[PDB]
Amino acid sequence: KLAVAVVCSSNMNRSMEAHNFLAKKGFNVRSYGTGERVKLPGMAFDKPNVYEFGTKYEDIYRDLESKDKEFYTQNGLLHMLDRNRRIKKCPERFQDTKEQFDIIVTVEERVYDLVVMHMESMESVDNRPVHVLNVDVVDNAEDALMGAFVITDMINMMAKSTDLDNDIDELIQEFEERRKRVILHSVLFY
C-alpha cells in the first residue's frame, strides 16, 4: 500500500470528503489543512468562526450549535462536522505533521504552493521522494463530493504501479487526457 495525503485549507470539507472516500476504498489515507487556523463561514459580512488546529470537530460542532443551530445546519456546517467527527478526532495542520507519504494531493493552487514551500523549507537524509499532485476542486460540499471521485480515480490508477517513481509522469498524462484536467506535479524529498 501507498501512503496518501489529501490537503486543503481548513481540513474541514474538500480534504475530508476525499479522506472519507479514499478510506472507504481501503486506502492508507490521511488529511490535513494548510491554513494558520480553521476558519468557518458565518453570515457573509461577518468575522468567520476560528479554531486552532487540534480542536475537536465535536467541540467546534457544539460551538456552532449554541451560536445558531438553525443557521449552521442550514449551510450544512453542522452535518459536515458531524461527518468529520466520525473519521478522526480533530483537524490537523499540514506544516505540523511528522508523518510521511508517497503522494500528497492538494485541492487548489494556493495549498499546492504552501505544501511545496514547507517541504522545500525542510530537509533530511532519507532522500525518499514524495509526489505532490494538484487536482483543483471548488470549495462547496457538492463540488467536493465530486472532487473525491476524481481524486480517488487518480490514486486507484497509481496504486497499480510497482515502480511509481518512473511510471508517475506518464500516468499523469494519461489521466489528464482522460479527465480533461490539469494536474500540477512536483517531486519533493523527505
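Residue numbers run from 1 along the displayed sequence.
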Query raised in the report: Which wins on mean Cα temperature factor, 71-79 or 111-119?
Result: 71-79
Requested in this report: Name the higher of the two by mean Cα B-factor in the PDB entry, 152-160 versus 61-69.
Outcome: 61-69
Report task. From the list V125, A144, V29, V135, select the residue with the highest C-alpha B factor recorded in the entry. Result -> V125
Query raised in the report: According to the PDB entry, is the CA B factor of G33 in the bottom, middle or top third of its chain, that is, lowest, middle or highest?
Result: lowest
